[PDB]
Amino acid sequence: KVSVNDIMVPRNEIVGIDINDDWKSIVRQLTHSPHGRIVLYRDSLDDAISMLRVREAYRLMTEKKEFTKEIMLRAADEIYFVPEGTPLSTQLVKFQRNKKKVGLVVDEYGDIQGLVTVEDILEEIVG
């Protein structure tokens, strides 16, 4: 059967930010985000921390108080993790019940394989 593995964005192609970069570098990356959500991590995808809704960050950035790293991090949501090889069928449900919209595909070793989205699953199912 067709599985999550077939449609995920491969690990190498996941857009995220190393929260270790100097602040000006982090903001520059944030404002240049090619996607709606992006991964916050420390050093590499061996240490993914949270999923940040870019639109939310932008929104916070426009406000009166200085936008900070602390503010950014508390604005991100915990990552939703999907086992490797979960079938599209099963994931469709766990996402419907989840109302979550994005997941990181993960090994049994905790090793991120890719990124998957409900948009992605549906469009595949229907073609």
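Throughout, we count residues from 1 along the sequence that is shown.
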Lowest, middle or highest third: which one holds residue 91 when the chain's residues are ordered by CA B-factor from the entry? middle
Third of the chain, ranked by Cα B-factor, where residue 38 sits: lowest
Can you tell me which third, lowest, middle or highest, the CA B-factor of residue 105 falls into for its chain? lowest
Considering only modelled residues of the same chain, in which third does the CA B-factor of residue 51 rank: lowest, middle or highest? lowest
Split the chain's modelled residues into thirds by Cα B-factor; residue 75 lands in the middle
